[PDB]
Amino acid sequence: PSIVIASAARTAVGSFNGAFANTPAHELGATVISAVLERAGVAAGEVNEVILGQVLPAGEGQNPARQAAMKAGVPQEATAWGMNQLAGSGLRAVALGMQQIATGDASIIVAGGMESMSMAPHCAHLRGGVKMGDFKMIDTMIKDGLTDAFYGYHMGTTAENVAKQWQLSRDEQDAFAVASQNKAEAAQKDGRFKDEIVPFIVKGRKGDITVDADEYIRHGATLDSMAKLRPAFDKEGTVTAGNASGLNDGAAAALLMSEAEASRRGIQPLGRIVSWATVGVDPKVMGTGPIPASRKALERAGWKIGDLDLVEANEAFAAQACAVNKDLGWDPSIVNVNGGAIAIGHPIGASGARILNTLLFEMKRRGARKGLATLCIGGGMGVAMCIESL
């Protein structure tokens, strides 16, 4: 089996309670679904299944993947499901879809992720009844997204642990963050994100608004402004809101089919999926996940690390990002060339399809042959995928 990405698309990443503050994930989803269909010239009638990574579905109704697909125009006869491996989710969905094709179960799959961290509700278990006493309304975004289920503290605390292990100074984390911002503002301005982004129309009462730019990138980001910030978790620590990514909203998708199918339709694919791997690590240092993941995927692809021409490695925190780069030893000048999530944002279930978008379109534009996408995963996991240009 030879499976290709025929097309891909993503929304802009919206800031917490910004452009997409009242926009449900399945609407962002539906827009990306329509985009990948139109970009490859495949009708929505020909899609067999839609697979979407989503971490925070509380309150959005039955199977939001099926809602995304129906709104996109996919017919009732196809199928649609969601899945959750946290930040890994959106890239893992892409691997799952490839498997559907490889085992002769489907011809054409749309896979990716969607998230609205904005729209995540607060909740409380209330059936028994609260006879006496205050009770907590729990923020589901914090509880289901950002808190370790075993140790009970924030993901940023695991970033703290990774920093300590690898002895990464505050100045090393800030300098990395300022580079990711500077790279991102540069790509934005030079038009390097227009290709991958499909504009979203936010319908309203007193006017439609078109959103086509990443609103979380901060312009003119400087080391001095990074150095002014207070530590955000450990009170004499090194992780801040400046060297960690944010809470964001968006969606992203790819259309997969067999190489042969693409050639029958005259489609020029963005890449062939050569290998993928998922691996587990200690949850206290979950940011190490991408290391055994990226190395296992490379092993499956039969490739050496120096064979890679481009990498996209999710930047949840500057700490885990510096460490991952240090261990694997690949050339920093080929990693996150258009910036990473510290700058662009981290819409969790979507992020893995997001970075895959960035990779595929950058690989197309510089003529790169081989690349890899990798992310760390809360609870101690990593996921990775190798991509080769045709």
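So that there is no doubt, residue numbering starts at 1 and follows the sequence shown.
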property: Greater mean Cα temperature factor according to the PDB record, 272-280 or 98-106; result: 98-106
property: Of 78-86 and 255-263, the one with larger mean CA B-factor; result: 78-86
property: Among 287, 204, 302, 121 - the residue whose C-alpha B-factor is largest in the record; result: 204
property: Top residue by Cα temperature factor, when 339, 53, 59, 29 are compared in the entry; result: 59
property: Lowest, middle or highest third - CA B-factor, residue 354; result: lowest
property: Within-chain third of residue 18 by Cα B-factor, per the entry; result: highest
property: Residue 10 - Cα temperature factor, lowest/middle/highest third of chain; result: lowest
property: Cα B factor band for residue 376 (lowest, middle or highest third within the chain); result: middle
property: Residue 139 CA temperature factor, ranked by third within the chain; result: lowest
